[PDB]
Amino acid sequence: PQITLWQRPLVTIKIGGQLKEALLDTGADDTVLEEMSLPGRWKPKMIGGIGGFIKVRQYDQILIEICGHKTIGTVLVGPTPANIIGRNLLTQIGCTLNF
């Protein structure tokens, strides 16, 4: 798809049998999702966004199907105001920014 930015770039993802809407975020290095029951061993980690830090659980080699494309990567789960898809997965779908 081609997506213009008059509105938030939101897309449907499927993670761990669950359906979610997430934001295509080119300013996000990492992918971070609201708290969810994701299976496996995760590792605690702190991340910094515009207003300070949040502790997250780091889960590796997780399958995420984004707008239909299957991607595998590291997903952080924590208290975030929004489900963000960052650069670690955007590179996988071959997403480019154009102007």
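Throughout, we count residues from 1 along the sequence that is shown.
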{"item": "Entry-level comparison of average CA B-factors, 83-91 and 11-19, reporting the higher stretch", "value": "11-19"}
{"item": "Residue range whose averaged C-alpha B-factor is higher in the record, 34-42 or 69-77", "value": "34-42"}
{"item": "Member of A28, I50, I64, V56 with the greatest C-alpha B factor (per the PDB record)", "value": "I50"}
{"item": "Cα B factor band for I3 (lowest, middle or highest third within the chain)", "value": "highest"}
